[PDB]
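Undergrad: One file is attached below, start24.pdb, containing PDB, C-alpha atoms.
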```
ATOM      1  CA  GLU P   1     -35.053 -21.428   5.269
ATOM      2  CA  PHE P   2     -34.195 -18.238   3.301
ATOM      3  CA  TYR P   3     -30.489 -19.146   2.935
ATOM      4  CA  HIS P   4     -28.481 -22.360   3.024
ATOM      5  CA  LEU P   5     -24.758 -22.934   2.655
ATOM      6  CA  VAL P   6     -23.561 -23.994  -0.762
ATOM      7  CA  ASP P   7     -19.844 -23.350  -0.575
ATOM      8  CA  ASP P   8     -17.471 -23.162   2.441
ATOM      9  CA  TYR P   9     -13.922 -22.250   1.390
ATOM     10  CA  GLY P  10     -12.200 -23.720   4.445
ATOM     11  CA  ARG P  11      -8.639 -22.522   5.004
ATOM     12  CA  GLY P  12      -5.044 -22.784   3.883
ATOM     13  CA  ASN P  13      -4.317 -25.077   0.956
ATOM     14  CA  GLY P  14      -7.874 -26.338   0.778
ATOM     15  CA  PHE P  15      -8.897 -22.675   0.436
ATOM     16  CA  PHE P  16      -6.313 -21.925  -2.310
ATOM     17  CA  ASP P  17      -7.360 -25.096  -4.187
ATOM     18  CA  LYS P  18     -10.665 -23.279  -4.770
ATOM     19  CA  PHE P  19      -9.065 -20.410  -6.766
ATOM     20  CA  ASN P  20      -7.046 -19.954  -9.954
ATOM     21  CA  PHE P  21      -4.049 -17.631  -9.537
ATOM     22  CA  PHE P  22      -4.057 -14.857 -12.154
ATOM     23  CA  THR P  23      -0.608 -14.080 -13.595
ATOM     24  CA  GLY P  24      -1.352 -11.787 -16.525
ATOM     25  CA  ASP P  25      -0.405  -8.126 -16.668
ATOM     26  CA  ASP P  26      -2.595  -6.075 -14.344
ATOM     27  CA  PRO P  27      -5.784  -5.021 -16.116
ATOM     28  CA  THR P  28      -5.634  -1.813 -14.050
ATOM     29  CA  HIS P  29      -2.056  -1.112 -15.205
ATOM     30  CA  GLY P  30      -0.558  -1.200 -11.739
ATOM     31  CA  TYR P  31       3.114  -1.564 -10.923
ATOM     32  CA  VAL P  32       2.466  -5.151  -9.822
ATOM     33  CA  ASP P  33       3.855  -8.599 -10.642
ATOM     34  CA  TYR P  34       1.090 -11.159 -10.016
ATOM     35  CA  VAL P  35       2.793 -14.489  -9.342
ATOM     36  CA  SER P  36       1.861 -18.139  -9.548
ATOM     37  CA  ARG P  37       0.736 -20.134  -6.548
ATOM     38  CA  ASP P  38       4.051 -21.974  -6.423
ATOM     39  CA  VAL P  39       6.057 -18.753  -6.489
ATOM     40  CA  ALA P  40       3.739 -17.116  -3.956
ATOM     41  CA  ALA P  41       4.129 -20.061  -1.603
ATOM     42  CA  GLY P  42       7.897 -19.877  -2.093
ATOM     43  CA  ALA P  43       7.886 -16.132  -1.351
ATOM     44  CA  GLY P  44       5.717 -16.301   1.774
ATOM     45  CA  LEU P  45       2.897 -14.426  -0.031
ATOM     46  CA  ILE P  46       0.333 -17.116   0.802
ATOM     47  CA  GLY P  47      -0.110 -19.505   3.672
ATOM     48  CA  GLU P  48      -1.811 -20.041   6.960
ATOM     49  CA  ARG P  49      -1.376 -18.038  10.157
ATOM     50  CA  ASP P  50      -2.781 -19.651  13.300
ATOM     51  CA  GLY P  51      -5.708 -21.102  11.328
ATOM     52  CA  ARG P  52      -6.392 -17.979   9.289
ATOM     53  CA  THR P  53      -5.716 -17.925   5.546
ATOM     54  CA  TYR P  54      -3.007 -15.431   4.571
ATOM     55  CA  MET P  55      -2.532 -13.578   1.256
ATOM     56  CA  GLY P  56       0.009 -10.722   1.179
ATOM     57  CA  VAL P  57       2.687  -8.997  -0.918
ATOM     58  CA  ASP P  58       6.474  -8.877  -1.160
ATOM     59  CA  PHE P  59       7.583  -6.419   1.566
ATOM     60  CA  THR P  60      11.211  -7.589   1.482
ATOM     61  CA  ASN P  61      12.775  -6.955  -1.934
ATOM     62  CA  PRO P  62      13.382  -3.805  -4.055
ATOM     63  CA  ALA P  63      10.981  -4.370  -6.970
ATOM     64  CA  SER P  64      11.835  -4.915 -10.639
ATOM     65  CA  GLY P  65      10.126  -6.025 -13.860
ATOM     66  CA  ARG P  66       6.337  -5.634 -13.984
ATOM     67  CA  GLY P  67       6.383  -4.438 -10.380
ATOM     68  CA  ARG P  68       6.134  -5.485  -6.737
ATOM     69  CA  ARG P  69       5.058  -9.107  -6.292
ATOM     70  CA  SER P  70       1.516  -9.885  -5.117
ATOM     71  CA  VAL P  71      -1.230 -12.377  -5.906
ATOM     72  CA  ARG P  72      -4.663 -12.155  -7.480
ATOM     73  CA  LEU P  73      -6.950 -15.125  -6.810
ATOM     74  CA  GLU P  74     -10.153 -15.707  -8.781
ATOM     75  CA  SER P  75     -12.638 -18.364  -7.668
ATOM     76  CA  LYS P  76     -13.158 -21.521  -9.628
ATOM     77  CA  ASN P  77     -16.866 -21.598  -8.706
ATOM     78  CA  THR P  78     -19.366 -18.893  -9.719
ATOM     79  CA  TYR P  79     -22.683 -17.800  -8.233
ATOM     80  CA  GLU P  80     -25.601 -15.960  -9.798
ATOM     81  CA  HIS P  81     -27.740 -15.212  -6.742
ATOM     82  CA  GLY P  82     -26.682 -15.613  -3.154
ATOM     83  CA  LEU P  83     -25.084 -14.238  -0.024
ATOM     84  CA  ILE P  84     -21.293 -13.996   0.240
ATOM     85  CA  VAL P  85     -19.948 -13.715   3.776
ATOM     86  CA  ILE P  86     -16.290 -13.030   4.562
ATOM     87  CA  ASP P  87     -14.969 -12.740   8.127
ATOM     88  CA  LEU P  88     -11.549 -11.045   8.144
ATOM     89  CA  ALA P  89      -9.110 -10.700  11.019
ATOM     90  CA  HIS P  90      -7.000  -8.340   8.860
ATOM     91  CA  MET P  91      -7.118  -6.647   5.435
ATOM     92  CA  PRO P  92      -4.422  -4.785   3.470
ATOM     93  CA  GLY P  93      -3.670  -1.602   5.431
ATOM     94  CA  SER P  94      -3.973   2.060   4.451
ATOM     95  CA  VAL P  95      -0.578   1.862   2.812
ATOM     96  CA  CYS P  96       0.560   4.513   0.350
ATOM     97  CA  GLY P  97       0.787   3.113  -3.162
ATOM     98  CA  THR P  98      -1.473   0.091  -2.655
ATOM     99  CA  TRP P  99      -4.848  -0.804  -4.087
ATOM    100  CA  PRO P 100      -6.449  -3.847  -2.419
ATOM    101  CA  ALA P 101      -9.824  -5.276  -3.320
ATOM    102  CA  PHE P 102     -12.126  -8.165  -2.449
ATOM    103  CA  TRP P 103     -14.682  -8.181  -5.223
ATOM    104  CA  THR P 104     -16.767 -10.155  -7.708
ATOM    105  CA  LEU P 105     -16.726 -10.270 -11.490
ATOM    106  CA  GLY P 106     -19.268 -11.586 -13.961
ATOM    107  CA  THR P 107     -18.642 -14.003 -16.793
ATOM    108  CA  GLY P 108     -17.967 -12.842 -20.334
ATOM    109  CA  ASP P 109     -16.533  -9.511 -21.404
ATOM    110  CA  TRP P 110     -16.326  -6.856 -18.713
ATOM    111  CA  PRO P 111     -18.501  -4.938 -17.750
ATOM    112  CA  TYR P 112     -21.375  -6.897 -19.303
ATOM    113  CA  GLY P 113     -21.670  -9.534 -16.602
ATOM    114  CA  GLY P 114     -21.386  -6.923 -13.849
ATOM    115  CA  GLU P 115     -18.758  -6.329 -11.166
ATOM    116  CA  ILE P 116     -19.218  -5.837  -7.408
ATOM    117  CA  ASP P 117     -16.468  -4.220  -5.363
ATOM    118  CA  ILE P 118     -17.096  -5.173  -1.740
ATOM    119  CA  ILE P 119     -13.909  -4.011  -0.054
ATOM    120  CA  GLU P 120     -11.777  -1.579  -1.994
ATOM    121  CA  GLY P 121      -9.612   1.479  -1.528
ATOM    122  CA  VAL P 122      -6.253   3.083  -2.274
ATOM    123  CA  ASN P 123      -3.279   4.576  -0.555
ATOM    124  CA  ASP P 124      -4.097   6.108   2.809
ATOM    125  CA  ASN P 125      -7.903   5.829   2.528
ATOM    126  CA  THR P 126      -9.860   5.625   5.775
ATOM    127  CA  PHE P 127     -13.301   4.569   4.526
ATOM    128  CA  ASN P 128     -14.253   1.569   2.453
ATOM    129  CA  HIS P 129     -15.889   2.186  -0.960
ATOM    130  CA  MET P 130     -18.521  -0.290  -2.158
ATOM    131  CA  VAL P 131     -19.135  -0.036  -5.891
ATOM    132  CA  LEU P 132     -20.838  -1.662  -8.879
ATOM    133  CA  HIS P 133     -19.543  -1.473 -12.473
ATOM    134  CA  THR P 134     -22.020  -2.318 -15.224
ATOM    135  CA  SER P 135     -22.845  -1.832 -18.891
ATOM    136  CA  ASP P 136     -25.025   1.168 -19.803
ATOM    137  CA  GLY P 137     -28.467   1.506 -18.333
ATOM    138  CA  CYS P 138     -28.096   1.023 -14.556
ATOM    139  CA  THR P 139     -28.512   3.687 -11.855
ATOM    140  CA  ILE P 140     -29.396   3.292  -8.171
ATOM    141  CA  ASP P 141     -31.773   4.983  -5.749
ATOM    142  CA  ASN P 142     -30.411   7.031  -2.870
ATOM    143  CA  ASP P 143     -31.961   5.274   0.124
ATOM    144  CA  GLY P 144     -32.003   2.205   2.327
ATOM    145  CA  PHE P 145     -28.317   2.294   3.331
ATOM    146  CA  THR P 146     -26.129   3.994   5.897
ATOM    147  CA  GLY P 147     -23.164   4.940   3.739
ATOM    148  CA  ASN P 148     -22.722   8.135   1.695
ATOM    149  CA  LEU P 149     -23.696   7.901  -1.959
ATOM    150  CA  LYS P 150     -20.868   9.227  -4.185
ATOM    151  CA  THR P 151     -22.004   8.288  -7.697
ATOM    152  CA  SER P 152     -25.439   7.097  -8.789
ATOM    153  CA  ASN P 153     -24.725   5.730 -12.271
ATOM    154  CA  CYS P 154     -23.216   2.221 -12.317
ATOM    155  CA  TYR P 155     -22.285   2.443 -16.003
ATOM    156  CA  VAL P 156     -18.473   2.272 -16.255
ATOM    157  CA  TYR P 157     -18.441   5.186 -18.718
ATOM    158  CA  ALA P 158     -21.278   7.166 -17.118
ATOM    159  CA  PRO P 159     -21.458  10.722 -18.538
ATOM    160  CA  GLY P 160     -21.002  12.882 -15.477
ATOM    161  CA  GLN P 161     -18.381  10.679 -13.757
ATOM    162  CA  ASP P 162     -14.668   9.865 -13.849
ATOM    163  CA  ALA P 163     -13.977   6.929 -16.160
ATOM    164  CA  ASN P 164     -14.857   3.669 -14.451
ATOM    165  CA  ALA P 165     -16.094   5.252 -11.253
ATOM    166  CA  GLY P 166     -19.217   3.099 -11.338
ATOM    167  CA  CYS P 167     -21.905   3.705  -8.723
ATOM    168  CA  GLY P 168     -20.201   3.940  -5.375
ATOM    169  CA  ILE P 169     -21.165   4.327  -1.749
ATOM    170  CA  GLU P 170     -18.602   5.314   0.893
ATOM    171  CA  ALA P 171     -18.892   3.702   4.316
ATOM    172  CA  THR P 172     -19.158   6.102   7.273
ATOM    173  CA  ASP P 173     -17.329   3.932   9.864
ATOM    174  CA  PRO P 174     -13.583   4.734   9.823
ATOM    175  CA  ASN P 175     -12.974   1.129  10.940
ATOM    176  CA  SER P 176     -14.544  -0.127   7.718
ATOM    177  CA  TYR P 177     -11.200  -0.206   5.900
ATOM    178  CA  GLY P 178      -7.463  -0.541   6.158
ATOM    179  CA  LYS P 179      -5.765   0.868   9.217
ATOM    180  CA  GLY P 180      -8.883   1.282  11.358
ATOM    181  CA  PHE P 181     -10.308  -2.091  10.354
ATOM    182  CA  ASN P 182      -7.071  -3.759  11.353
ATOM    183  CA  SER P 183      -6.849  -1.911  14.700
ATOM    184  CA  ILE P 184     -10.138  -3.511  15.822
ATOM    185  CA  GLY P 185      -9.307  -6.967  14.585
ATOM    186  CA  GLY P 186     -11.318  -6.668  11.404
ATOM    187  CA  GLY P 187     -14.883  -7.759  11.010
ATOM    188  CA  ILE P 188     -17.427  -9.154   8.551
ATOM    189  CA  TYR P 189     -18.598  -8.050   5.125
ATOM    190  CA  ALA P 190     -21.721  -9.775   3.837
ATOM    191  CA  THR P 191     -23.077  -9.069   0.393
ATOM    192  CA  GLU P 192     -26.367 -10.257  -0.973
ATOM    193  CA  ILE P 193     -27.146 -10.519  -4.697
ATOM    194  CA  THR P 194     -30.792 -10.913  -5.752
ATOM    195  CA  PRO P 195     -32.911 -10.333  -8.898
ATOM    196  CA  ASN P 196     -33.839  -6.955  -7.360
ATOM    197  CA  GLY P 197     -30.487  -5.574  -6.274
ATOM    198  CA  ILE P 198     -27.345  -5.951  -4.161
ATOM    199  CA  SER P 199     -26.737  -5.117  -0.485
ATOM    200  CA  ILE P 200     -23.535  -5.048   1.518
ATOM    201  CA  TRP P 201     -23.403  -5.103   5.317
ATOM    202  CA  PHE P 202     -20.319  -4.303   7.382
ATOM    203  CA  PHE P 203     -20.165  -5.654  10.939
ATOM    204  CA  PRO P 204     -17.114  -4.443  12.803
ATOM    205  CA  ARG P 205     -15.558  -7.138  15.023
ATOM    206  CA  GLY P 206     -17.924  -8.093  17.851
ATOM    207  CA  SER P 207     -21.079  -6.535  16.425
ATOM    208  CA  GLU P 208     -22.171  -9.364  14.164
ATOM    209  CA  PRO P 209     -25.651 -10.977  14.215
ATOM    210  CA  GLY P 210     -25.908 -14.397  15.840
ATOM    211  CA  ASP P 211     -26.694 -16.145  12.522
ATOM    212  CA  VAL P 212     -24.201 -14.463  10.182
ATOM    213  CA  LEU P 213     -21.550 -17.172  10.453
ATOM    214  CA  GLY P 214     -23.986 -20.088  10.772
ATOM    215  CA  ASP P 215     -25.658 -22.301   8.210
ATOM    216  CA  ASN P 216     -28.845 -20.292   7.775
ATOM    217  CA  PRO P 217     -28.243 -16.541   7.749
ATOM    218  CA  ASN P 218     -31.298 -14.301   7.367
ATOM    219  CA  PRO P 219     -30.279 -10.840   6.154
ATOM    220  CA  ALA P 220     -33.906  -9.641   6.485
ATOM    221  CA  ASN P 221     -33.424  -9.350  10.235
ATOM    222  CA  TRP P 222     -30.069  -7.547  10.093
ATOM    223  CA  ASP P 223     -29.479  -3.833  10.747
ATOM    224  CA  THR P 224     -29.592  -1.424   7.776
ATOM    225  CA  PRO P 225     -26.850  -2.264   5.251
ATOM    226  CA  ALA P 226     -23.858   0.022   4.677
ATOM    227  CA  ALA P 227     -24.582   0.069   0.926
ATOM    228  CA  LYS P 228     -27.648  -0.913  -1.078
ATOM    229  CA  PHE P 229     -27.967  -0.861  -4.844
ATOM    230  CA  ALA P 230     -31.510  -1.011  -6.070
ATOM    231  CA  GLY P 231     -34.305   0.776  -7.879
ATOM    232  CA  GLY P 232     -36.162   0.862 -11.187
ATOM    233  CA  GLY P 233     -33.250   2.504 -12.968
ATOM    234  CA  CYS P 234     -31.634  -0.883 -13.490
ATOM    235  CA  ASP P 235     -32.530  -4.366 -14.740
ATOM    236  CA  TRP P 236     -30.747  -6.017 -11.826
ATOM    237  CA  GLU P 237     -31.220  -9.517 -13.152
ATOM    238  CA  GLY P 238     -29.808  -8.826 -16.599
ATOM    239  CA  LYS P 239     -26.902  -6.564 -15.621
ATOM    240  CA  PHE P 240     -25.145  -9.191 -13.477
ATOM    241  CA  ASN P 241     -24.569 -12.838 -14.336
ATOM    242  CA  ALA P 242     -22.602 -15.602 -12.582
ATOM    243  CA  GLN P 243     -19.915 -14.000 -10.351
ATOM    244  CA  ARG P 244     -16.488 -15.264  -9.370
ATOM    245  CA  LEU P 245     -14.864 -14.008  -6.143
ATOM    246  CA  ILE P 246     -11.522 -12.222  -6.391
ATOM    247  CA  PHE P 247      -8.849 -11.104  -3.899
ATOM    248  CA  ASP P 248      -5.998  -8.885  -5.051
ATOM    249  CA  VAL P 249      -3.592  -6.162  -4.107
ATOM    250  CA  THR P 250      -2.186  -4.074  -6.937
ATOM    251  CA  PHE P 251       0.039  -0.937  -6.680
ATOM    252  CA  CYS P 252      -0.156   2.498  -8.346
ATOM    253  CA  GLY P 253      -1.979   2.136 -11.670
ATOM    254  CA  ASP P 254      -5.258   3.681 -12.872
ATOM    255  CA  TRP P 255      -6.580   4.781  -9.461
ATOM    256  CA  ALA P 256      -3.814   4.685  -6.780
ATOM    257  CA  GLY P 257      -1.071   5.839  -9.125
ATOM    258  CA  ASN P 258      -3.332   8.411 -10.732
ATOM    259  CA  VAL P 259      -4.259  10.152  -7.450
ATOM    260  CA  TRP P 260      -0.877   9.805  -5.769
ATOM    261  CA  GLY P 261      -0.039  13.460  -6.320
ATOM    262  CA  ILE P 262      -2.998  15.172  -4.701
ATOM    263  CA  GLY P 263      -3.252  13.195  -1.485
ATOM    264  CA  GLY P 264      -1.311  12.506   1.662
ATOM    265  CA  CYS P 265       1.184  10.234  -0.095
ATOM    266  CA  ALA P 266       2.551  12.908  -2.372
ATOM    267  CA  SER P 267       5.268  13.684   0.171
ATOM    268  CA  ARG P 268       6.607  10.086   0.253
ATOM    269  CA  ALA P 269       8.086  10.333  -3.243
ATOM    270  CA  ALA P 270       7.654  12.193  -6.498
ATOM    271  CA  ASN P 271       5.796   9.214  -8.019
ATOM    272  CA  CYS P 272       3.895   6.206  -6.773
ATOM    273  CA  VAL P 273       6.093   3.844  -8.754
ATOM    274  CA  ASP P 274       9.318   5.164  -7.164
ATOM    275  CA  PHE P 275       7.892   4.645  -3.707
ATOM    276  CA  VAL P 276       6.630   1.115  -4.353
ATOM    277  CA  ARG P 277       9.867   0.038  -6.097
ATOM    278  CA  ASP P 278      12.244   1.356  -3.438
ATOM    279  CA  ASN P 279      10.454   0.898  -0.092
ATOM    280  CA  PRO P 280       9.586  -2.763   0.407
ATOM    281  CA  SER P 281       9.330  -2.489   4.164
ATOM    282  CA  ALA P 282       6.375  -0.143   3.708
ATOM    283  CA  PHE P 283       4.072  -2.967   2.599
ATOM    284  CA  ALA P 284       4.195  -5.332   5.580
ATOM    285  CA  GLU P 285       0.565  -4.451   6.443
ATOM    286  CA  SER P 286      -0.729  -5.201   2.958
ATOM    287  CA  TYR P 287      -2.189  -8.617   3.670
ATOM    288  CA  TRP P 288      -5.536 -10.381   4.035
ATOM    289  CA  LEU P 289      -6.110 -12.695   7.011
ATOM    290  CA  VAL P 290      -9.325 -14.656   6.451
ATOM    291  CA  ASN P 291     -11.175 -16.380   9.311
ATOM    292  CA  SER P 292     -13.849 -17.738   6.937
ATOM    293  CA  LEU P 293     -15.369 -17.324   3.453
ATOM    294  CA  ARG P 294     -18.777 -18.870   2.967
ATOM    295  CA  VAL P 295     -21.329 -18.564   0.163
ATOM    296  CA  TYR P 296     -25.047 -19.211   0.555
ATOM    297  CA  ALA P 297     -27.948 -19.570  -1.863
ATOM    298  CA  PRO P 298     -31.651 -18.871  -1.523
TER
END
```
For the structure just supplied, provide its representation as structure tokens.
TA:
Amino acid sequence: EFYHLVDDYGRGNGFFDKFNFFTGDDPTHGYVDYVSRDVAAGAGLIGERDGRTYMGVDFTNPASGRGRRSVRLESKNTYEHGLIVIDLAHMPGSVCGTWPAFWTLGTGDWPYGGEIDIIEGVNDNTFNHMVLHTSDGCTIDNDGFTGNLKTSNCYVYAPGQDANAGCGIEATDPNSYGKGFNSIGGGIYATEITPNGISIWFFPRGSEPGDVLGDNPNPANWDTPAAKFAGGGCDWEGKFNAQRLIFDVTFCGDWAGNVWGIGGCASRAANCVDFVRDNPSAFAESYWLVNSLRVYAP
């Protein structure tokens, strides 16, 4: 009643069988070499670790070619309305030069089917950033969530914002991302998509509701979400269509590479690319460790 399970991703190979591995050049122009499932398996980039599904990057070899090896998985199934719940024991760390994301992407030409970034950040970020990217004509209200609103216009080319900033909300818990998240053993991110808006809850390890992992979650009884995107400034139903789930870690590129120079990573090397190419050992923490991924429908 309210929500029922429609898709449990399981773990290991059964989990990977539910995704297509993207191998094209990075759309965000990162210094990354997305590899095939076979190559990933052969490189230790994907697998299982004590029952948890693992997806990481090459932290052994000096990089060459398109960039450091990683994987980008995009789900075979798509969902228009629903509740996506991911329980993570570990996510890519706050590593200089990286840009991990767990997100959703609509069908058709971007940004017309919408995009939802659930877990995303760069370099040595502390806080998670939850963000929507849409076509023109979608802004959100500033209430109903605990995070800090950074940009109110979800349009990817919104007038007063950096290109492709979208409408983002920054989480206030320092354990919501990277280093901190991993120090507590991770947690759960649940995101609900309805005809009236999107909500994303973050439950640090141990603080989750008793029904969040079960077969009939009821978000209506959960604590205030970390981010909520709603309001009359957007036709929620028309701005987002069927979404596929995506996991990736890219390096440098349009965001991480672009801000390398003004942050705490500037001292590691003159450029982001030089650091990522020459310091493989730095990326050992850049991996996802999934306990479960389950999608529900109303």
Undergrad: Any chance you could work out the residue set of the PyMOL selection byres ((chain P and resi 37) around 9) here, as number ranges by chain?
TA: P: 16, 20-21, 35-36, 38-42, 45-46, 71
Undergrad: Taking all atoms listed in the file into account, which of P:206, P:214, P:100, P:111 comes nearest residue P:184?
TA: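 Ranking P:206, P:214, P:100, P:111 by distance to residue P:184, first place goes to P:206.
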Undergrad: Of the candidates P:164, P:171, P:280, P:156, which shows the shortest atom-to-atom distance to residue P:137, using all atoms listed in the file?
TA: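 Checking each candidate against residue P:137, we get P:156 as the closest.
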Undergrad: Name all residues at most 12 Å from residue P:28 (count all atoms listed in the file; drop same-chain ones fewer than 5 positions away) and give them as a ChimeraX atom specification.
TA: /P:99-100,164,248-258
Undergrad: Could you tell me which residues the PyMOL selection byres ((chain P and resi 65) around 9) returns for this structure, as a list in words?
TA: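 Evaluating the PyMOL selection byres ((chain P and resi 65) around 9) on these coordinates yields residues 31, 32, 33, 63, 64, 66, 67 and 68 of chain P.
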Undergrad: Take atom CA of residue P:122 and atom CA of residue P:274 and report the distance between them in Å, one decimal.
TA: 16.5 Å
Undergrad: May I have the protein, DNA and RNA residues with an atom at most 6 Å from (-12.6, -7.9, 7.6), counting all atoms listed in the file in the file's coordinates, returned as a PyMOL selection string?
TA: chain P and resi 87-90+186-188
Undergrad: Quick one: pull the distance between atom CA of residue P:286 and atom CA of residue P:60, Å, one decimal.
TA: 12.3 Å
Undergrad: With all atoms listed in the file as the counted atoms, please give the residues lying no more than 10 Å from residue P:9, apart from itself and same-chain residues fewer than 3 positions off, as a PyMOL selection string.
TA: chain P and resi 12+14-19+75+292-295
Undergrad: N, CA and C atoms for stretch 130-146 of chain P, written as an mmCIF file, in the frame of the given file, could you do that?
TA:
```cif
data_model
loop_
_atom_site.group_PDB
_atom_site.id
_atom_site.type_symbol
_atom_site.label_atom_id
_atom_site.label_comp_id
_atom_site.auth_asym_id
_atom_site.auth_seq_id
_atom_site.Cartn_x
_atom_site.Cartn_y
_atom_site.Cartn_z
ATOM 1 N N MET P 130 -17.810 0.872 -1.627
ATOM 2 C CA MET P 130 -18.521 -0.290 -2.158
ATOM 3 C C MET P 130 -19.038 0.207 -3.494
ATOM 4 N N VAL P 131 -18.806 -0.552 -4.559
ATOM 5 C CA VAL P 131 -19.135 -0.036 -5.891
ATOM 6 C C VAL P 131 -19.551 -1.091 -6.881
ATOM 7 N N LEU P 132 -20.465 -0.735 -7.797
ATOM 8 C CA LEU P 132 -20.838 -1.662 -8.879
ATOM 9 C C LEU P 132 -20.348 -1.046 -10.199
ATOM 10 N N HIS P 133 -19.976 -1.901 -11.140
ATOM 11 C CA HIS P 133 -19.543 -1.473 -12.473
ATOM 12 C C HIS P 133 -20.401 -2.283 -13.413
ATOM 13 N N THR P 134 -21.127 -1.606 -14.304
ATOM 14 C CA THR P 134 -22.020 -2.318 -15.224
ATOM 15 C C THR P 134 -21.974 -1.734 -16.644
ATOM 16 N N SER P 135 -22.722 -2.359 -17.545
ATOM 17 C CA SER P 135 -22.845 -1.832 -18.891
ATOM 18 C C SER P 135 -23.837 -0.668 -18.728
ATOM 19 N N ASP P 136 -24.141 0.009 -19.827
ATOM 20 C CA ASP P 136 -25.025 1.168 -19.803
ATOM 21 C C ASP P 136 -26.454 0.840 -19.462
ATOM 22 N N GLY P 137 -27.083 1.719 -18.698
ATOM 23 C CA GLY P 137 -28.467 1.506 -18.333
ATOM 24 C C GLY P 137 -28.684 0.983 -16.924
ATOM 25 N N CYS P 138 -27.932 1.490 -15.940
ATOM 26 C CA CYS P 138 -28.096 1.023 -14.556
ATOM 27 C C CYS P 138 -27.707 2.121 -13.563
ATOM 28 N N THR P 139 -28.708 2.648 -12.859
ATOM 29 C CA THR P 139 -28.512 3.687 -11.855
ATOM 30 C C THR P 139 -29.262 3.218 -10.609
ATOM 31 N N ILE P 140 -28.831 3.702 -9.451
ATOM 32 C CA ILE P 140 -29.396 3.292 -8.171
ATOM 33 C C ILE P 140 -30.145 4.399 -7.455
ATOM 34 N N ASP P 141 -31.030 4.008 -6.539
ATOM 35 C CA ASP P 141 -31.773 4.983 -5.749
ATOM 36 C C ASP P 141 -30.891 5.411 -4.583
ATOM 37 N N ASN P 142 -31.208 6.545 -3.985
ATOM 38 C CA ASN P 142 -30.411 7.031 -2.870
ATOM 39 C C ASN P 142 -31.028 6.789 -1.501
ATOM 40 N N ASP P 143 -31.410 5.553 -1.196
ATOM 41 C CA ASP P 143 -31.961 5.274 0.124
ATOM 42 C C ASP P 143 -31.867 3.811 0.537
ATOM 43 N N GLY P 144 -32.071 3.564 1.830
ATOM 44 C CA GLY P 144 -32.003 2.205 2.327
ATOM 45 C C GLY P 144 -30.618 1.757 2.769
ATOM 46 N N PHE P 145 -29.668 2.676 2.891
ATOM 47 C CA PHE P 145 -28.317 2.294 3.331
ATOM 48 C C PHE P 145 -27.726 3.391 4.191
ATOM 49 N N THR P 146 -26.749 3.032 5.007
ATOM 50 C CA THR P 146 -26.129 3.994 5.897
ATOM 51 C C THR P 146 -24.950 4.761 5.339
#
```
